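Novice: Provided herewith: my_file-v5.csv, CSV, C-alpha atoms.
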chain,number,residue,atom,x,y,z
A,4,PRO,CA,13.9,-4.3,34.3
A,5,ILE,CA,15.0,-7.9,34.9
A,6,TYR,CA,12.2,-9.6,33.1
A,7,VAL,CA,13.2,-7.6,29.9
A,8,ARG,CA,15.8,-10.1,28.7
A,9,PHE,CA,16.9,-8.5,25.4
A,10,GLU,CA,16.7,-5.2,23.5
A,11,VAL,CA,14.2,-4.8,20.7
A,12,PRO,CA,14.7,-2.2,17.8
A,13,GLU,CA,12.1,0.5,17.7
A,14,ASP,CA,10.7,-0.4,14.3
A,15,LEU,CA,10.2,-4.0,15.4
A,16,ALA,CA,8.3,-2.8,18.4
A,17,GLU,CA,6.0,-0.9,16.0
A,18,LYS,CA,5.4,-4.1,14.0
A,19,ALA,CA,4.5,-5.8,17.3
A,20,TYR,CA,1.9,-3.2,18.2
A,21,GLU,CA,0.5,-3.4,14.6
A,22,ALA,CA,0.4,-7.3,14.9
A,23,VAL,CA,-1.6,-7.1,18.1
A,24,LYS,CA,-4.1,-4.6,16.5
A,25,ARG,CA,-4.6,-6.6,13.4
A,26,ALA,CA,-4.9,-9.9,15.2
A,27,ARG,CA,-7.4,-8.3,17.6
A,28,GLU,CA,-9.4,-6.8,14.8
A,29,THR,CA,-9.4,-9.9,12.5
A,30,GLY,CA,-8.2,-12.8,14.6
A,31,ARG,CA,-8.1,-13.9,18.2
A,32,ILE,CA,-5.9,-12.5,21.1
A,33,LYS,CA,-5.7,-13.0,24.8
A,34,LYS,CA,-5.1,-9.9,27.1
A,35,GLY,CA,-3.6,-9.7,30.6
A,36,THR,CA,-1.1,-12.0,32.3
A,37,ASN,CA,-3.5,-14.7,33.5
A,38,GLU,CA,-5.0,-15.5,30.0
A,39,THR,CA,-1.6,-14.9,28.3
A,40,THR,CA,0.0,-17.4,30.7
A,41,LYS,CA,-2.7,-20.0,30.1
A,42,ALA,CA,-2.5,-19.6,26.3
A,43,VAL,CA,1.3,-20.2,26.6
A,44,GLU,CA,0.8,-23.2,29.0
A,45,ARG,CA,-1.7,-24.7,26.6
A,46,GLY,CA,0.5,-24.2,23.6
A,47,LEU,CA,-2.1,-22.0,21.8
A,48,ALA,CA,-0.1,-18.8,21.6
A,49,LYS,CA,1.7,-18.1,18.3
A,50,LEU,CA,3.4,-14.9,19.7
A,51,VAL,CA,3.5,-13.2,23.1
A,52,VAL,CA,3.9,-9.5,23.4
A,53,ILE,CA,5.1,-8.1,26.7
A,54,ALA,CA,5.2,-4.4,27.8
A,55,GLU,CA,8.5,-3.2,29.3
A,56,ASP,CA,6.9,-0.8,31.9
A,57,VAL,CA,4.6,-2.9,34.0
A,58,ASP,CA,4.6,-1.8,37.7
A,59,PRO,CA,4.5,-3.8,39.8
A,60,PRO,CA,6.5,-6.0,37.4
A,61,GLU,CA,5.9,-9.3,39.2
A,62,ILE,CA,2.9,-10.2,37.2
A,63,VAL,CA,5.0,-10.5,34.0
A,64,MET,CA,8.3,-11.7,35.3
A,65,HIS,CA,7.6,-15.4,34.7
A,66,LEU,CA,6.3,-15.1,31.2
A,67,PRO,CA,9.6,-15.1,29.2
A,68,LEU,CA,10.9,-18.2,30.8
A,69,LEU,CA,7.5,-20.0,30.4
A,70,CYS,CA,7.5,-19.0,26.7
A,71,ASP,CA,11.0,-20.5,26.3
A,72,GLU,CA,9.9,-23.7,28.1
A,73,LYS,CA,7.0,-24.0,25.6
A,74,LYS,CA,9.0,-22.9,22.6
A,75,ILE,CA,6.7,-20.0,22.0
A,76,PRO,CA,8.3,-16.8,20.8
A,77,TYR,CA,7.9,-13.5,22.6
A,78,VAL,CA,8.8,-9.9,22.0
A,79,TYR,CA,8.8,-6.7,24.1
A,80,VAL,CA,7.2,-3.4,23.5
A,81,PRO,CA,8.0,-0.3,25.5
A,82,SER,CA,4.5,0.9,26.5
A,83,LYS,CA,1.8,-1.0,28.2
A,84,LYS,CA,-0.5,2.0,27.3
A,85,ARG,CA,0.2,1.5,23.6
A,86,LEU,CA,-0.1,-2.3,24.0
A,87,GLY,CA,-3.6,-1.9,25.6
A,88,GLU,CA,-4.6,0.5,22.7
A,89,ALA,CA,-3.5,-2.2,20.2
A,90,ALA,CA,-5.4,-4.8,22.2
A,91,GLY,CA,-8.6,-2.8,21.7
A,92,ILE,CA,-9.1,-1.9,25.4
A,93,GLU,CA,-9.3,1.5,27.0
A,94,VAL,CA,-6.3,1.0,29.4
A,95,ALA,CA,-2.8,-0.4,29.6
A,96,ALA,CA,-2.2,-4.1,29.0
A,97,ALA,CA,0.8,-5.9,30.5
A,98,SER,CA,0.9,-8.7,28.0
A,99,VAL,CA,-1.0,-10.1,25.0
A,100,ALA,CA,-1.0,-13.6,23.4
A,101,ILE,CA,-1.8,-13.7,19.7
A,102,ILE,CA,-3.8,-16.9,19.2
A,103,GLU,CA,-5.0,-16.5,15.6
A,104,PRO,CA,-3.1,-13.8,13.7
A,105,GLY,CA,-5.8,-13.2,11.0
A,106,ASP,CA,-4.5,-10.4,8.8
A,107,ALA,CA,-1.5,-10.1,11.2
A,108,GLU,CA,-0.1,-13.3,9.7
A,109,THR,CA,2.7,-11.6,7.8
A,110,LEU,CA,3.7,-9.3,10.7
A,111,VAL,CA,3.8,-12.2,13.1
A,112,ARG,CA,6.1,-14.2,10.8
A,113,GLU,CA,8.3,-11.2,10.3
A,114,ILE,CA,8.5,-10.6,14.1
A,115,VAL,CA,9.3,-14.2,14.9
A,116,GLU,CA,12.1,-14.3,12.3
A,117,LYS,CA,13.6,-11.0,13.5
A,118,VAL,CA,13.4,-12.0,17.2
A,119,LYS,CA,15.3,-15.2,16.3
A,120,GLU,CA,18.0,-12.9,14.9
A,121,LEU,CA,18.1,-10.7,18.0
A,122,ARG,CA,18.3,-13.6,20.4
A,123,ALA,CA,21.0,-15.4,18.4
A,124,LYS,CA,23.1,-12.3,18.6
A,125,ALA,CA,22.4,-11.6,22.3
A,126,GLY,CA,22.8,-15.3,23.1
A,127,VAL,CA,19.7,-15.4,25.3
Please express what this file holds, its structure, as structure tokens.
Specialist:
Amino acid sequence: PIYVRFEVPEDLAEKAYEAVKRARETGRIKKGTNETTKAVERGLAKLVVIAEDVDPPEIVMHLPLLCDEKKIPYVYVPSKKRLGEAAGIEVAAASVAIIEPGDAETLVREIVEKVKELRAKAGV
């Protein structure tokens, strides 16, 4: 999946799901590619979470490069279904932007630091 630019360890993906849930429950998130893209463009996203199994994939393919342009970190999770569950909706979500982490503050910081590690190693 060409828009999936680097591998993510399974336990970090779990942290990402849990960060989305906690931010949704106690903070503010955006759901879906249109509001995720706007939050990134506007510099409001603290962390973007992108599902690896979106089909058709075109709706998410621009997000990683846009995040990079805006210096906003992103991470991947395998399952749009699980990402939607975390985002508090009844169906799959392609992407989420965490705006206000709330009680997800620690997880978000942990995820950002760990993705920095992954990307330094991968060189992407």
Novice: So how far away is atom CA of residue 47 of chain A from atom CA of residue 125 of chain A, in Å?
Specialist: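 Those two atoms sit 26.6 Å apart.
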Novice: Which distance in Å separates atom CA of residue 93 of chain A and atom CA of residue 28 of chain A, to one decimal?
Specialist: 14.8 Å
Novice: Using only C-alpha atoms, which of the listed residues (A:107, A:23, A:51, A:62) sits closest to residue 79 of chain A?
Specialist: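 Nearest candidate to residue 79 of chain A out of A:107, A:23, A:51, A:62: A:51.
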Novice: From the options A:126, A:97, A:118, A:92, which residue's atoms come nearest to residue 24 of chain A, counting all atoms listed in the file?
Specialist: A:92
Novice: Report as a list in words all protein, DNA and RNA residues lying within 10 Å of residue 17 of chain A, evaluated on all atoms listed in the file, omitting residues in the same chain fewer than 4 positions from it.
Specialist: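 In the requested form, the answer reads residues 12, 13, 21, 22, 80, 81 and 85 of chain A.
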Novice: Could you write those residues out with C-alpha atoms, as a compact mmCIF listing (two decimals), keeping the file's coordinate frame?
Specialist:
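Full text of out.txt as output:
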# COMPACT_ATOMS: atom_id res chain seq x y z
CA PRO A 12 14.70 -2.20 17.80
CA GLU A 13 12.10 0.50 17.70
CA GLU A 21 0.50 -3.40 14.60
CA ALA A 22 0.40 -7.30 14.90
CA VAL A 80 7.20 -3.40 23.50
CA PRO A 81 8.00 -0.30 25.50
CA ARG A 85 0.20 1.50 23.60
Novice: Between atom CA of residue 25 of chain A and atom CA of residue 5 of chain A, what is the distance in Å, rounded to a tenth?
Specialist: 29.1 Å
Novice: From (-0.1, -10.8, 9.8), in the file's coordinates, out to 10 Å: which residues are reached, counting all atoms listed in the file? Answer as a PDB file with C-alpha atoms, in the frame of the given file.
Specialist:
ATOM      1  CA  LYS A  18       5.400  -4.100  14.000  1.00  0.00           C
ATOM      2  CA  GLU A  21       0.500  -3.400  14.600  1.00  0.00           C
ATOM      3  CA  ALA A  22       0.400  -7.300  14.900  1.00  0.00           C
ATOM      4  CA  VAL A  23      -1.600  -7.100  18.100  1.00  0.00           C
ATOM      5  CA  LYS A  24      -4.100  -4.600  16.500  1.00  0.00           C
ATOM      6  CA  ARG A  25      -4.600  -6.600  13.400  1.00  0.00           C
ATOM      7  CA  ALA A  26      -4.900  -9.900  15.200  1.00  0.00           C
ATOM      8  CA  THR A  29      -9.400  -9.900  12.500  1.00  0.00           C
ATOM      9  CA  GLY A  30      -8.200 -12.800  14.600  1.00  0.00           C
ATOM     10  CA  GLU A 103      -5.000 -16.500  15.600  1.00  0.00           C
ATOM     11  CA  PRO A 104      -3.100 -13.800  13.700  1.00  0.00           C
ATOM     12  CA  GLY A 105      -5.800 -13.200  11.000  1.00  0.00           C
ATOM     13  CA  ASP A 106      -4.500 -10.400   8.800  1.00  0.00           C
ATOM     14  CA  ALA A 107      -1.500 -10.100  11.200  1.00  0.00           C
ATOM     15  CA  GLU A 108      -0.100 -13.300   9.700  1.00  0.00           C
ATOM     16  CA  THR A 109       2.700 -11.600   7.800  1.00  0.00           C
ATOM     17  CA  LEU A 110       3.700  -9.300  10.700  1.00  0.00           C
ATOM     18  CA  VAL A 111       3.800 -12.200  13.100  1.00  0.00           C
ATOM     19  CA  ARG A 112       6.100 -14.200  10.800  1.00  0.00           C
ATOM     20  CA  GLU A 113       8.300 -11.200  10.300  1.00  0.00           C
ATOM     21  CA  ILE A 114       8.500 -10.600  14.100  1.00  0.00           C
TER      22      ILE A 114
END
Novice: Rank A:38, A:72, A:120, A:14 by their smallest atom-to-atom distance to residue 96 of chain A, using only C-alpha atoms, and report the top residue only.
Specialist: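 Using only C-alpha atoms, residue 96 of chain A sits closest to A:38.
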Novice: With distances taken over only C-alpha atoms, which residue among A:84, A:65, A:74, A:34 lies nearest residue 52 of chain A?
Specialist: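 Of the candidates, the smallest distance to residue 52 of chain A is held by A:34.
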Novice: Show which residues sit within 9 Å of residue 40 of chain A, as number ranges by chain. Count only C-alpha atoms, and ignore same-chain residues fewer than 5 positions away.
Specialist: A: 35, 45, 65-66, 69-70, 100
Novice: Could you add whatever atoms are missing so that segment 17-49 of chain A carries N, CA and C atoms, then write the result as a PDB file, in the frame of the given file?
Specialist:
ATOM      1  N   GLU A  17       7.196  -1.450  16.774  1.00  0.00           N
ATOM      2  CA  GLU A  17       6.000  -0.900  16.000  1.00  0.00           C
ATOM      3  C   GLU A  17       5.294  -2.031  15.274  1.00  0.00           C
ATOM      4  N   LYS A  18       6.043  -2.942  14.670  1.00  0.00           N
ATOM      5  CA  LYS A  18       5.400  -4.100  14.000  1.00  0.00           C
ATOM      6  C   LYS A  18       4.627  -4.913  15.054  1.00  0.00           C
ATOM      7  N   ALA A  19       5.176  -5.069  16.253  1.00  0.00           N
ATOM      8  CA  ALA A  19       4.500  -5.800  17.300  1.00  0.00           C
ATOM      9  C   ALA A  19       3.166  -5.151  17.715  1.00  0.00           C
ATOM     10  N   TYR A  20       3.185  -3.833  17.902  1.00  0.00           N
ATOM     11  CA  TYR A  20       1.900  -3.200  18.200  1.00  0.00           C
ATOM     12  C   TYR A  20       0.890  -3.409  17.046  1.00  0.00           C
ATOM     13  N   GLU A  21       1.340  -3.240  15.803  1.00  0.00           N
ATOM     14  CA  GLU A  21       0.500  -3.400  14.600  1.00  0.00           C
ATOM     15  C   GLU A  21      -0.029  -4.863  14.497  1.00  0.00           C
ATOM     16  N   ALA A  22       0.821  -5.840  14.846  1.00  0.00           N
ATOM     17  CA  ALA A  22       0.400  -7.300  14.900  1.00  0.00           C
ATOM     18  C   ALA A  22      -0.691  -7.504  15.877  1.00  0.00           C
ATOM     19  N   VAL A  23      -0.532  -6.944  17.058  1.00  0.00           N
ATOM     20  CA  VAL A  23      -1.600  -7.100  18.100  1.00  0.00           C
ATOM     21  C   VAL A  23      -2.897  -6.486  17.608  1.00  0.00           C
ATOM     22  N   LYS A  24      -2.831  -5.285  17.044  1.00  0.00           N
ATOM     23  CA  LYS A  24      -4.100  -4.600  16.500  1.00  0.00           C
ATOM     24  C   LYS A  24      -4.723  -5.398  15.471  1.00  0.00           C
ATOM     25  N   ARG A  25      -3.963  -5.780  14.464  1.00  0.00           N
ATOM     26  CA  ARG A  25      -4.600  -6.600  13.400  1.00  0.00           C
ATOM     27  C   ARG A  25      -5.104  -7.905  13.821  1.00  0.00           C
ATOM     28  N   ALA A  26      -4.407  -8.593  14.735  1.00  0.00           N
ATOM     29  CA  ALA A  26      -4.900  -9.900  15.200  1.00  0.00           C
ATOM     30  C   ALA A  26      -6.178  -9.661  16.062  1.00  0.00           C
ATOM     31  N   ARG A  27      -6.215  -8.593  16.844  1.00  0.00           N
ATOM     32  CA  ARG A  27      -7.400  -8.300  17.600  1.00  0.00           C
ATOM     33  C   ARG A  27      -8.594  -7.974  16.718  1.00  0.00           C
ATOM     34  N   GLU A  28      -8.331  -7.256  15.636  1.00  0.00           N
ATOM     35  CA  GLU A  28      -9.400  -6.800  14.800  1.00  0.00           C
ATOM     36  C   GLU A  28      -9.927  -7.936  13.900  1.00  0.00           C
ATOM     37  N   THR A  29      -9.052  -8.875  13.522  1.00  0.00           N
ATOM     38  CA  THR A  29      -9.400  -9.900  12.500  1.00  0.00           C
ATOM     39  C   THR A  29      -9.123 -11.330  12.894  1.00  0.00           C
ATOM     40  N   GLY A  30      -8.552 -11.521  14.073  1.00  0.00           N
ATOM     41  CA  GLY A  30      -8.200 -12.800  14.600  1.00  0.00           C
ATOM     42  C   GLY A  30      -8.636 -13.054  15.988  1.00  0.00           C
ATOM     43  N   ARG A  31      -7.777 -13.655  16.804  1.00  0.00           N
ATOM     44  CA  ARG A  31      -8.100 -13.900  18.200  1.00  0.00           C
ATOM     45  C   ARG A  31      -6.824 -13.549  19.040  1.00  0.00           C
ATOM     46  N   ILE A  32      -6.997 -12.782  20.123  1.00  0.00           N
ATOM     47  CA  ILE A  32      -5.900 -12.500  21.100  1.00  0.00           C
ATOM     48  C   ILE A  32      -6.422 -12.809  22.508  1.00  0.00           C
ATOM     49  N   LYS A  33      -5.463 -13.042  23.404  1.00  0.00           N
ATOM     50  CA  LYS A  33      -5.700 -13.000  24.800  1.00  0.00           C
ATOM     51  C   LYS A  33      -5.025 -11.744  25.417  1.00  0.00           C
ATOM     52  N   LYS A  34      -5.640 -11.162  26.451  1.00  0.00           N
ATOM     53  CA  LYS A  34      -5.100  -9.900  27.100  1.00  0.00           C
ATOM     54  C   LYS A  34      -4.947 -10.177  28.567  1.00  0.00           C
ATOM     55  N   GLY A  35      -3.885  -9.610  29.144  1.00  0.00           N
ATOM     56  CA  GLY A  35      -3.600  -9.700  30.600  1.00  0.00           C
ATOM     57  C   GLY A  35      -2.777 -10.963  30.880  1.00  0.00           C
ATOM     58  N   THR A  36      -2.049 -10.913  31.990  1.00  0.00           N
ATOM     59  CA  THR A  36      -1.100 -12.000  32.300  1.00  0.00           C
ATOM     60  C   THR A  36      -1.745 -13.319  32.549  1.00  0.00           C
ATOM     61  N   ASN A  37      -2.913 -13.357  33.191  1.00  0.00           N
ATOM     62  CA  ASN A  37      -3.500 -14.700  33.500  1.00  0.00           C
ATOM     63  C   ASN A  37      -3.904 -15.442  32.174  1.00  0.00           C
ATOM     64  N   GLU A  38      -4.607 -14.782  31.254  1.00  0.00           N
ATOM     65  CA  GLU A  38      -5.000 -15.500  30.000  1.00  0.00           C
ATOM     66  C   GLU A  38      -3.786 -15.652  29.062  1.00  0.00           C
ATOM     67  N   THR A  39      -2.836 -14.719  29.098  1.00  0.00           N
ATOM     68  CA  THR A  39      -1.600 -14.900  28.300  1.00  0.00           C
ATOM     69  C   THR A  39      -0.851 -16.158  28.824  1.00  0.00           C
ATOM     70  N   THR A  40      -0.713 -16.264  30.132  1.00  0.00           N
ATOM     71  CA  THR A  40       0.000 -17.400  30.700  1.00  0.00           C
ATOM     72  C   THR A  40      -0.660 -18.751  30.378  1.00  0.00           C
ATOM     73  N   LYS A  41      -1.977 -18.777  30.474  1.00  0.00           N
ATOM     74  CA  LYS A  41      -2.700 -20.000  30.100  1.00  0.00           C
ATOM     75  C   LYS A  41      -2.550 -20.327  28.634  1.00  0.00           C
ATOM     76  N   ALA A  42      -2.611 -19.329  27.759  1.00  0.00           N
ATOM     77  CA  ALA A  42      -2.500 -19.600  26.300  1.00  0.00           C
ATOM     78  C   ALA A  42      -1.108 -20.185  26.031  1.00  0.00           C
ATOM     79  N   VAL A  43      -0.091 -19.727  26.769  1.00  0.00           N
ATOM     80  CA  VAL A  43       1.300 -20.200  26.600  1.00  0.00           C
ATOM     81  C   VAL A  43       1.343 -21.675  27.125  1.00  0.00           C
ATOM     82  N   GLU A  44       0.833 -21.869  28.346  1.00  0.00           N
ATOM     83  CA  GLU A  44       0.800 -23.200  29.000  1.00  0.00           C
ATOM     84  C   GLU A  44       0.173 -24.248  28.129  1.00  0.00           C
ATOM     85  N   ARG A  45      -0.874 -23.804  27.427  1.00  0.00           N
ATOM     86  CA  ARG A  45      -1.700 -24.700  26.600  1.00  0.00           C
ATOM     87  C   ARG A  45      -1.237 -24.860  25.189  1.00  0.00           C
ATOM     88  N   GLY A  46      -0.186 -24.126  24.864  1.00  0.00           N
ATOM     89  CA  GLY A  46       0.500 -24.200  23.600  1.00  0.00           C
ATOM     90  C   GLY A  46      -0.320 -23.593  22.450  1.00  0.00           C
ATOM     91  N   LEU A  47      -1.198 -22.659  22.798  1.00  0.00           N
ATOM     92  CA  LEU A  47      -2.100 -22.000  21.800  1.00  0.00           C
ATOM     93  C   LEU A  47      -1.542 -20.669  21.305  1.00  0.00           C
ATOM     94  N   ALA A  48      -0.642 -20.032  22.045  1.00  0.00           N
ATOM     95  CA  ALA A  48      -0.100 -18.800  21.600  1.00  0.00           C
ATOM     96  C   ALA A  48       0.883 -18.927  20.467  1.00  0.00           C
ATOM     97  N   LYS A  49       0.725 -18.135  19.408  1.00  0.00           N
ATOM     98  CA  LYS A  49       1.700 -18.100  18.300  1.00  0.00           C
ATOM     99  C   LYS A  49       2.823 -17.047  18.624  1.00  0.00           C
TER     100      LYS A  49
END
